[PDB]
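Report on the structure given below.
Values in this text are rule-based calculations from the coordinates and carry no lab data. Note that we place each Cβ from the backbone using ideal geometry, even for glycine, and neighbour counts take in every protein chain shown.
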Ligand SMILES: CCS(=O)(=O)[C@]1(C)CC[C@@](CF)(c2cc(NC(=O)c3cc4c(cn3)OC(F)(F)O4)ccc2F)N=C1N
């Protein structure tokens, strides 16, 4: 259709707390704010009165609730949640005009999961069944939505940064007002995470000249549920070394680059221009063809507004090292309109109409480029 006016601006959030959509669960409808997460595959909601929660799923109030009589325990690298599986009727007030019977994990115990001060009480896992918990028989929400309705097998995300954030989750299509120029598509390598292949990395146009397999060790994913651009250790080391050299006009402590401390400047006097652009070349749709996406310091140097001990403008270096491969989190996604074209196993990138930039530099999506041996960039076990 190309125009989904009802769904524009259906995302809200706060800096560092993520992007949530309004959803309803059960009959009569119970309203919940739900984190949009392309890096997981469970629809999981608070169902107990945790003190951090504004709202929670009260199963006893729902006539359409069905118990699946099975639990689920989900440990993460930091915290944890545990829940009871069921199904109920789910809709998205500012989404398609439909109602779906979806799997819902009713969260009954958690640790370091809900954020104190956040305005969301659940997670919408938008990735594929392969990574669903406890196993791939638990149908993810979007799979149910496509199966039960005529909603096309596609969604797109415009995450708008820079303190309230906003944006759009267009379910079933693309809204052309949300981007400028053309969309460029990269293949979904495998349907588990939204896995992609990075084929080349530039800092201010200067190639890292690394074995491209390192860029995707052990994978590269697109994840709206991650803040940072997360890079594998060796790639992070090379990237930081290059960013240091590009920004050597000013010197910063080692801890800043490791995200161990913040750096603060006098109000409205951030030297963005001293900081380099970051370009990721992604595998294209065609043999030997790639395209380039480019982000600015506006994306990777992120303001920290909850600093009581300082009066200045303080920033977090939001590129970090990873043991689980590249993660293209909000640092990447805030620059772009991202199309998760499930029907065609591809992810589209275009310059976001809402991305934060200055008058000298702009986030960019450019192609085509000639890149050989792009298949060798993918990692195999
Ligand atoms: C493999 C991906 S993962 O499964 O390990 C994981 C990174 C952690 C676990 C989970 C749920 F599965 C998860 C994510 C979050 N997000 C955020 O809080 C959050 C905060 C943000 C953001 C994006 N997001 O952009 C921002 F605006 F800058 O601020 C919170 C609790 C969770 F429990 N989702 C992922 N994508």
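Tabulated data for the structure shown
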| quantity | calculated |
| --- | --- |
| Relative contact order of the stretch 245-341, pairs being alpha-carbon contacts under 8 Å that are 6 or more residues apart, as % | 28 |
| Cα centroid separation, the stretch 243-286 to the stretch 155-212 (Å) | 20 |
| Kirkwood-type radius of the chain, with distances r between different C-alpha atoms, in Å | 21.5 |
| All-pairs Cα distance distribution in the stretch 91-205, expressed in whole percent, bin size 10 Å | 10, 31, 39, 18, 3 |
| Ranked list, fewest to most other Cβ atoms within 10 Å of each Cβ, for 360, 275 | 360, 275 |
| Protection proxy ranking, peptides 296-303, 267-274, 88-95, 202-209, average beta carbon neighbours within 10 Å, highest first | 296-303, 88-95, 202-209, 267-274 |
| Exposure proxy order (Cβ contacts within 10 Å, fewest to most) of 11, 282 | 11, 282 |
| Rh by Kirkwood over Cα pairs, then Stokes-Einstein D for the stretch 228-381 at 1.306 mPa s and 10 °C, µm²/s | 93 |
| Prolate/oblate/rounded label for the stretch 19-151 (Cα gyration tensor, a/c 1.5) | rounded |
| Relative packing of peptides 233-246, 327-340 - highest average C-beta neighbours within 10 Å first | 327-340, 233-246 |
| Ranked 214, 121, criterion: other C-beta atoms within 10 Å, fewest first | 214, 121 |
| Over the chain: helical MRE at 222 nm, DSSP H runs n ≥ 4 each giving -39500 (n - 2.57), nearest 500 | -2000 deg cm²/dmol |
